[PDB]
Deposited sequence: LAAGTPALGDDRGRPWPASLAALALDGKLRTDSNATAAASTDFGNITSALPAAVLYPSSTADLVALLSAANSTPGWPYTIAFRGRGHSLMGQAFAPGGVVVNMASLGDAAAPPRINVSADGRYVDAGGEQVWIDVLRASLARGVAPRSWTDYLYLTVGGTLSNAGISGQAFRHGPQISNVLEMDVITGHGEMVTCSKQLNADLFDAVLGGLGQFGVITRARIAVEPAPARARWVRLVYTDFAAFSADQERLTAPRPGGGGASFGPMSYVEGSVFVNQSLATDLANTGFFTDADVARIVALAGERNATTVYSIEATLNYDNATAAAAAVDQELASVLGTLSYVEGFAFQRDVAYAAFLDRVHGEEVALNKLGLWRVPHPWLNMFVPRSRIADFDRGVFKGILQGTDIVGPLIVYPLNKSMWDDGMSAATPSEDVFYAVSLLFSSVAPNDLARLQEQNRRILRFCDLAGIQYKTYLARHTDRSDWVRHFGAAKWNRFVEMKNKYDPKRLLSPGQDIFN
């Protein structure tokens, strides 16, 4: 039998079993794995989510696993509920009254619904002259989705990931109980949920820290032929000052393989054809099989003295660095245009039919002491001679800005690198080849003794998830699963308890 509140959802057309509803919630960004759910819930309010989760907890032998689909940006089916119920989170923001994004009266934080996309959180914040401090490279992801992972970009070295910038949340547990949580109130749930992979409950609201909005971003690219000089400069730009960080607002980096150098430099959207020819000539002079580039920003406001002050600040920063003499490249954009820079590449790849293709992405955190071994074995090794489609992103992070009590797993070293090899598959020949190449990259790391952590990946073996979190942290994760999802129905696509 069905509880009155669960039957009401079906009666009001919120619970859909039609082929159109189930097919849309069966595919994800990865475009490698598919899993048809039994039904899709389109909730109009948080009471509808309470109704489904309470009906799940109060029904003996409830056989339906529950997933919370944000924008389905998952790579390997993490947002699916195979033969279960997929919640279409975007449906919470339909009404337009009451608002789902509210900047505080004091301008110190922003309240956003878990389903809200970061681009909208940015627009609503900017209208009040404020903006979140820590971002993702791509803004068309949900607050709830990015918080269930970590949420990383070039600001994470100084502000920590997005999980380190949450004051409090509203979470409906697997028991169907609406719970408000922070470090002071229900801290256990707050910590379990952040980096929690949708295992403990659905985030319906997150209170995000903000800062006064800068108006412009001075955006620079620095070119290296030497990995040692590239990595030493990224660590110098991101190192804490003797808590306190340097002037850079953002620090990322990219790897360019010699084989597709001219094409990949042109595809950045940053370099002119004159910049490309100079870098191509540089690589050939140096006899480089790889080229490296630091990507950095200096945020600033609409002040009269602003531009000249950033010119002087940047000149001082650049002087402390070791990039190839004369290889500093500058752009000056409005802040929101730099934040939403990846959206332009999505539009261009989709028109060429290269967005809805498989994405066998390899994302990992590599300890600082092993990055040069990673570069030799991977960028200078495994990847050489292959045709690479997609960016190769490498940048350091500071462990001090990460909370180890949260669910997100990071390497034990103080400095570690975000390594994101964003492979785009073209032919069927390519998908299988790209998947074997990722298996070979991880095998190289395992055999060399590199203590990495995967990011955005779901493991299929219990021994792998135990190693991912570390045994002591794994028991904490399990304790939290027994308190918040005893029925093991939430986010089954992570393959931890399902």
Deposited residues without C-alpha coordinates, grouped into stretches that follow sequence order | 1-14, 257-260
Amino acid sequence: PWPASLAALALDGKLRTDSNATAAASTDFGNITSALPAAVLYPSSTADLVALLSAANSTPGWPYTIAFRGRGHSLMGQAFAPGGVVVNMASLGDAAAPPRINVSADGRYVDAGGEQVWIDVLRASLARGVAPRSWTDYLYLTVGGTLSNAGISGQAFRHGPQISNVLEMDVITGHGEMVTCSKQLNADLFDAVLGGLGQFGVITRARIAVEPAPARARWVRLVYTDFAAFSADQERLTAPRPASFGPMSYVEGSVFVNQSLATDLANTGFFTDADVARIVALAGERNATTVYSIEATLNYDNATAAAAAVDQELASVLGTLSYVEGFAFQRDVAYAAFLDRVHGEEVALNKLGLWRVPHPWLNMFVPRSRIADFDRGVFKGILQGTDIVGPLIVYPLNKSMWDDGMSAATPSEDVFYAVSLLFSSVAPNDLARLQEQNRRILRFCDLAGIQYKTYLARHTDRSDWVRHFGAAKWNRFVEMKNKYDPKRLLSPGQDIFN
From here on, numbers count along this sequence of modelled residues.
When the other PDB entries of this protein are compared, is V333 left blank in at least a third of them?
-> no
Do at least a third of the other entries of this protein fail to model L354?
-> no
Of 90-98 and 175-183, which one has the bigger average CA B-factor?
-> 90-98
Which is higher on average in the deposited entry, the C-alpha temperature factors of 330-338 or of 297-305?
-> 297-305
Out of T59, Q437, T454, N31, which shows the largest CA B-factor listed in the entry?
-> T59
Go through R218, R368, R207, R241 one by one and give the residue whose Cα B-factor in the PDB entry is largest.
-> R241
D375 - which third its CA temperature factor falls in, relative to the rest of the chain | lowest
Lowest, middle or highest third: where is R356 by Cα B-factor in its chain?
-> highest
C-alpha B factor of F68, ranked within the chain: lowest, middle or highest third?
-> middle
Relative to the other modelled residues of the same chain, rank the CA B-factor of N350 and answer lowest, middle or highest third.
-> highest
Would you mind checking where the Cα B-factor of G195 ranks among the modelled residues of its chain, as the lowest, middle or highest third?
-> lowest
